[PDB]
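Okay, input-v4.cif is below, mmCIF, C-alpha atoms and all ligand atoms:
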data_coords
loop_
_atom_site.label_atom_id
_atom_site.label_comp_id
_atom_site.auth_asym_id
_atom_site.auth_seq_id
_atom_site.Cartn_x
_atom_site.Cartn_y
_atom_site.Cartn_z
CA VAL X 3 -39.61 89.33 -40.78
CA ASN X 4 -38.27 86.43 -38.70
CA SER X 5 -35.27 85.96 -36.35
CA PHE X 6 -33.13 83.64 -38.51
CA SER X 7 -29.73 85.31 -39.01
CA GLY X 8 -26.75 84.84 -41.27
CA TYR X 9 -28.46 82.64 -43.87
CA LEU X 10 -27.66 82.63 -47.57
CA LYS X 11 -30.80 82.86 -49.70
CA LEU X 12 -30.97 80.05 -52.30
CA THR X 13 -34.50 80.63 -53.63
CA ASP X 14 -37.68 82.52 -52.85
CA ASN X 15 -38.30 80.20 -49.88
CA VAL X 16 -35.11 78.21 -49.10
CA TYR X 17 -32.24 79.54 -46.99
CA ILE X 18 -29.02 77.80 -45.87
CA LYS X 19 -26.35 78.27 -43.22
CA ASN X 20 -23.30 76.52 -41.81
CA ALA X 21 -24.58 75.91 -38.29
CA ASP X 22 -25.17 73.33 -35.59
CA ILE X 23 -28.95 72.81 -35.66
CA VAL X 24 -28.92 72.28 -31.88
CA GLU X 25 -27.25 75.63 -31.26
CA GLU X 26 -29.39 77.24 -33.92
CA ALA X 27 -32.57 75.89 -32.31
CA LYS X 28 -31.39 76.98 -28.84
CA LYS X 29 -30.92 80.58 -30.02
CA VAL X 30 -33.88 81.02 -32.36
CA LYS X 31 -36.52 78.93 -30.52
CA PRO X 32 -38.26 78.37 -33.86
CA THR X 33 -41.89 77.32 -34.06
CA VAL X 34 -40.75 74.10 -35.77
CA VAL X 35 -37.44 72.24 -35.72
CA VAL X 36 -37.21 69.21 -38.00
CA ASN X 37 -35.63 66.02 -36.71
CA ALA X 38 -33.98 63.50 -39.03
CA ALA X 39 -35.96 60.66 -37.50
CA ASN X 40 -36.25 56.95 -38.13
CA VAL X 41 -39.54 55.04 -38.10
CA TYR X 42 -39.01 53.89 -34.50
CA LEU X 43 -38.14 57.39 -33.25
CA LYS X 44 -34.93 55.91 -31.80
CA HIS X 45 -32.80 59.03 -31.57
CA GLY X 46 -29.38 57.42 -31.27
CA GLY X 47 -27.05 59.42 -33.49
CA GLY X 48 -26.70 61.99 -36.20
CA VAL X 49 -29.03 64.96 -35.95
CA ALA X 50 -31.56 62.95 -33.92
CA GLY X 51 -29.03 61.88 -31.32
CA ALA X 52 -27.80 65.47 -30.98
CA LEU X 53 -31.30 66.96 -30.70
CA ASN X 54 -32.34 64.33 -28.17
CA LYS X 55 -29.16 64.83 -26.10
CA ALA X 56 -29.88 68.57 -25.99
CA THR X 57 -33.32 67.77 -24.48
CA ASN X 58 -31.71 65.65 -21.73
CA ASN X 59 -33.46 62.58 -23.26
CA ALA X 60 -36.95 64.09 -22.87
CA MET X 61 -37.42 63.81 -26.64
CA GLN X 62 -36.74 60.05 -26.42
CA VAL X 63 -39.12 59.59 -23.48
CA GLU X 64 -41.91 61.37 -25.35
CA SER X 65 -41.10 59.44 -28.52
CA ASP X 66 -41.25 56.05 -26.79
CA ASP X 67 -44.75 56.87 -25.54
CA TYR X 68 -45.74 57.96 -29.07
CA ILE X 69 -44.54 54.67 -30.59
CA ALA X 70 -46.15 52.57 -27.86
CA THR X 71 -49.49 54.19 -28.71
CA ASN X 72 -49.25 54.60 -32.49
CA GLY X 73 -46.63 52.18 -33.79
CA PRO X 74 -43.84 53.13 -36.18
CA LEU X 75 -43.92 55.91 -38.71
CA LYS X 76 -43.74 55.28 -42.45
CA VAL X 77 -40.57 56.00 -44.40
CA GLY X 78 -41.44 59.36 -45.96
CA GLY X 79 -43.81 60.16 -43.09
CA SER X 80 -43.73 62.40 -40.05
CA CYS X 81 -45.27 63.27 -36.73
CA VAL X 82 -45.43 66.47 -34.69
CA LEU X 83 -44.23 66.22 -31.11
CA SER X 84 -42.94 68.69 -28.55
CA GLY X 85 -39.90 70.81 -29.30
CA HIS X 86 -38.93 70.66 -25.61
CA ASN X 87 -36.29 73.32 -24.85
CA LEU X 88 -35.34 73.70 -28.53
CA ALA X 89 -38.51 74.83 -30.34
CA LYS X 90 -42.26 74.97 -29.89
CA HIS X 91 -42.68 71.78 -31.93
CA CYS X 92 -40.46 69.10 -33.39
CA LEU X 93 -41.49 67.70 -36.76
CA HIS X 94 -39.97 64.21 -36.82
CA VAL X 95 -39.52 63.38 -40.53
CA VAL X 96 -38.32 60.01 -41.82
CA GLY X 97 -36.19 60.29 -44.91
CA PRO X 98 -35.05 57.08 -46.59
CA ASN X 99 -31.87 55.58 -45.13
CA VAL X 100 -29.65 54.45 -48.01
CA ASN X 101 -27.65 52.33 -45.56
CA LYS X 102 -30.88 50.32 -45.08
CA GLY X 103 -31.64 50.05 -48.81
CA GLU X 104 -34.66 52.36 -48.75
CA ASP X 105 -35.97 53.90 -51.95
CA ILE X 106 -34.58 57.38 -52.56
CA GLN X 107 -37.68 58.45 -54.37
CA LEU X 108 -39.26 58.55 -50.89
CA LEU X 109 -37.12 61.62 -50.23
CA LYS X 110 -39.64 63.81 -52.06
CA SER X 111 -42.48 62.41 -49.93
CA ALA X 112 -40.42 63.14 -46.81
CA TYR X 113 -39.90 66.79 -47.79
CA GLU X 114 -43.63 67.20 -48.57
CA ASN X 115 -44.23 67.06 -44.80
CA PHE X 116 -42.51 70.45 -44.53
CA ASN X 117 -45.33 72.08 -46.54
CA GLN X 118 -47.69 71.68 -43.56
CA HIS X 119 -45.63 74.31 -41.67
CA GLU X 120 -45.17 77.93 -42.70
CA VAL X 121 -41.59 78.23 -41.36
CA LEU X 122 -39.11 75.51 -40.30
CA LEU X 123 -35.54 75.09 -39.13
CA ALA X 124 -34.33 71.82 -40.68
CA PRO X 125 -31.40 69.59 -41.64
CA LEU X 126 -31.00 68.11 -45.09
CA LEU X 127 -33.13 64.97 -45.07
CA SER X 128 -31.39 61.64 -45.68
CA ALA X 129 -27.95 63.32 -45.44
CA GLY X 130 -25.24 62.39 -42.94
CA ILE X 131 -25.60 58.88 -41.53
CA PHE X 132 -28.71 58.29 -43.67
CA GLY X 133 -26.32 57.89 -46.60
CA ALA X 134 -27.85 60.01 -49.36
CA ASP X 135 -25.98 62.58 -51.42
CA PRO X 136 -26.59 65.95 -49.68
CA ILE X 137 -26.45 67.79 -53.03
CA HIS X 138 -29.40 65.65 -54.24
CA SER X 139 -31.22 66.21 -50.95
CA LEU X 140 -30.87 69.98 -51.37
CA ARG X 141 -32.21 69.77 -54.93
CA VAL X 142 -35.26 67.77 -53.79
CA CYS X 143 -35.80 70.23 -50.93
CA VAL X 144 -35.79 73.23 -53.28
CA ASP X 145 -38.06 71.48 -55.78
CA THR X 146 -40.55 70.19 -53.16
CA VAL X 147 -40.79 72.56 -50.19
CA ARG X 148 -42.88 75.67 -50.84
CA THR X 149 -42.94 76.97 -47.26
CA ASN X 150 -40.04 78.88 -45.73
CA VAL X 151 -37.22 76.52 -44.78
CA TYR X 152 -33.98 77.44 -43.01
CA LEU X 153 -31.45 74.66 -43.56
CA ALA X 154 -28.64 74.14 -41.04
CA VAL X 155 -25.59 72.28 -42.36
CA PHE X 156 -23.18 71.19 -39.63
CA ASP X 157 -20.11 70.53 -41.78
CA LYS X 158 -18.44 73.67 -43.13
CA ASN X 159 -16.80 71.79 -46.00
CA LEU X 160 -20.16 70.30 -47.16
CA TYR X 161 -21.87 73.67 -46.77
CA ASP X 162 -19.37 75.28 -49.15
CA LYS X 163 -19.81 72.44 -51.64
CA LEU X 164 -23.61 72.74 -51.50
CA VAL X 165 -23.51 76.50 -52.15
CA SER X 166 -20.85 76.35 -54.85
CA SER X 167 -22.66 73.60 -56.77
CA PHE X 168 -26.19 75.01 -56.36
CA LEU X 169 -28.03 75.58 -59.61
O1 LIG J 1 -25.73 62.93 -40.25
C1 LIG J 1 -24.52 63.51 -40.70
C2 LIG J 1 -23.71 63.66 -39.69
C3 LIG J 1 -24.03 65.10 -39.08
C4 LIG J 1 -24.63 65.94 -40.30
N1 LIG J 1 -26.05 66.48 -39.99
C5 LIG J 1 -26.32 67.69 -39.13
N2 LIG J 1 -26.86 68.83 -39.73
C6 LIG J 1 -27.12 69.91 -39.01
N3 LIG J 1 -26.89 69.94 -37.75
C7 LIG J 1 -26.37 68.86 -37.08
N4 LIG J 1 -26.05 68.68 -35.78
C8 LIG J 1 -25.56 67.43 -35.61
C9 LIG J 1 -25.57 66.80 -36.82
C10 LIG J 1 -26.08 67.70 -37.78
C11 LIG J 1 -24.71 65.08 -41.31
#

Turn this file's structure into structure tokens for me.
Ligand SMILES: O[C@@H]1CC[C@H](Nc2ncnc3[nH]ccc23)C1
Amino acid sequence: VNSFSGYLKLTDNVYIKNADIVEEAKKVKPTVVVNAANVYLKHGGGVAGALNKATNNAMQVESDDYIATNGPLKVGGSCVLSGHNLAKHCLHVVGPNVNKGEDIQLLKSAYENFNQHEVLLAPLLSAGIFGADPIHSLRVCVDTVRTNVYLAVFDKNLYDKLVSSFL
């Protein structure tokens, strides 16, 4: 039993809700919140900008130190950093950005990072400003993630489309 509430169950291990991931993280305090990161951990907009804003820019400060030490992430890769006031940990995962021409097949690799964590609160990778089809992202999530994932979808209209079209 965990504290996630109001989710629709899609599969044995994947759950979905119309929610603001920032507000969901603030209420649940999950062990892991996933950020829709880029390779530079520049959290300017989309989910990343919203998560970072909710940390009063502490996520960005920590991220800049991480990059200065380690260099950029790989597309499809991840790193674990602090969850600040939102979660114990933040798993920064880099899905491909279609608006940069990145290969969509890397979306499966990106979701594989979730399997290193037993339970996660997450957005749909490569959705929103990353330019992928959220319906495809949900399919890859379901077919790749084996651990327990709670997906927060900000837009009510998209949420309804994802549920109604789910196979
Ligand atoms: O990137 C586009 C634009 C926003 C959508 N993604 C999100 N999904 C869950 N919670 C969120 N809070 C803020 C954004 C957000 C998709």

Query raised in the report: If you count all atoms listed in the file, which residues fall within 9 Å of residue 26 (chain X), apart from same-chain ones fewer than 6 positions away, as a list in words?
Result: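 My list of contacting residues is residues 6, 32, 88, 123 and 154 of chain X.
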
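Proximity of X:40, X:87, X:159, X:13 to residue 112 (chain X), computed with all atoms listed in the file, is greatest for X:40.
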
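Relative to CA of residue 4 (chain X), CA of residue 31 (chain X) is found at 11.2 Å.
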
Query raised in the report: Within 8 Å of ligand LIG 1 (chain J), counting only C-alpha atoms and all ligand atoms, which protein or nucleic acid residues do you find, written as a list in words?
Result: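 After applying the 8 Å limit, what remains is residues 21, 22, 23, 24, 47, 48, 49, 50, 51, 52, 53, 124, 125, 126, 128, 129, 130, 131, 132, 153, 154, 155, 156 and 157 of chain X.
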
Find the residues near residue 90 (chain X): any atom within 12 Å, counting all atoms listed in the file, skip ones fewer than 3 places away on the same chain, and give them as a compact mmCIF listing (two decimals) with C-alpha atoms, in the frame of the given file.
# COMPACT_ATOMS: atom_id res chain seq x y z
CA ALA X 27 -32.57 75.89 -32.31
CA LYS X 28 -31.39 76.98 -28.84
CA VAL X 30 -33.88 81.02 -32.36
CA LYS X 31 -36.52 78.93 -30.52
CA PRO X 32 -38.26 78.37 -33.86
CA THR X 33 -41.89 77.32 -34.06
CA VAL X 34 -40.75 74.10 -35.77
CA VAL X 35 -37.44 72.24 -35.72
CA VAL X 36 -37.21 69.21 -38.00
CA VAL X 82 -45.43 66.47 -34.69
CA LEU X 83 -44.23 66.22 -31.11
CA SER X 84 -42.94 68.69 -28.55
CA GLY X 85 -39.90 70.81 -29.30
CA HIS X 86 -38.93 70.66 -25.61
CA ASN X 87 -36.29 73.32 -24.85
CA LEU X 93 -41.49 67.70 -36.76
CA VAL X 121 -41.59 78.23 -41.36
CA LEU X 122 -39.11 75.51 -40.30
CA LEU X 123 -35.54 75.09 -39.13

Report task. Work out how far CA of residue 104 (chain X) is from CA of residue 38 (chain X), in Å to one decimal. Result -> 14.8 Å

**Report entry** Length of the CA of residue 65 (chain X) to CA of residue 44 (chain X) vector [Å]
**Finding:**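 One can read the CA of residue 65 (chain X) to CA of residue 44 (chain X) distance as 7.8 Å.
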
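Closest approach to residue 114 (chain X) among X:95, X:101, X:10, X:146 is made by X:146 (distances from all atoms listed in the file).
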
Requested in this report: Go through X:20, X:62, X:54, X:111 one by one, measure the shortest atom-to-atom distance of each to residue 160 (chain X) using all atoms listed in the file, and give the residue with the smallest value.
Outcome: X:20

Requested in this report: Counting all atoms listed in the file, figure out which residue out of X:60, X:164, X:3, X:16 gets nearest to residue 147 (chain X).
Outcome: X:16

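Nearest residue to residue 98 (chain X), choosing from X:72, X:148, X:41, X:46 and counting all atoms listed in the file: X:41.
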
Query - Residue among X:81, X:141, X:7, X:57 lying closest to residue 43 (chain X), counting only C-alpha atoms - result: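 Answer, going by the shortest atom-to-atom distance: X:81.
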
Using the file's own x, y and z axes, what box holds all listed atoms of region 84-90 of chain X with 8 Å on each side, keeping edges along x, y and z, and what are its centre and edge lengths in Å to one decimal, as AutoDock Vina command-line options?
--center_x -39.1 --center_y 71.8 --center_z -27.6 --size_x 23.6 --size_y 22.3 --size_z 21.5
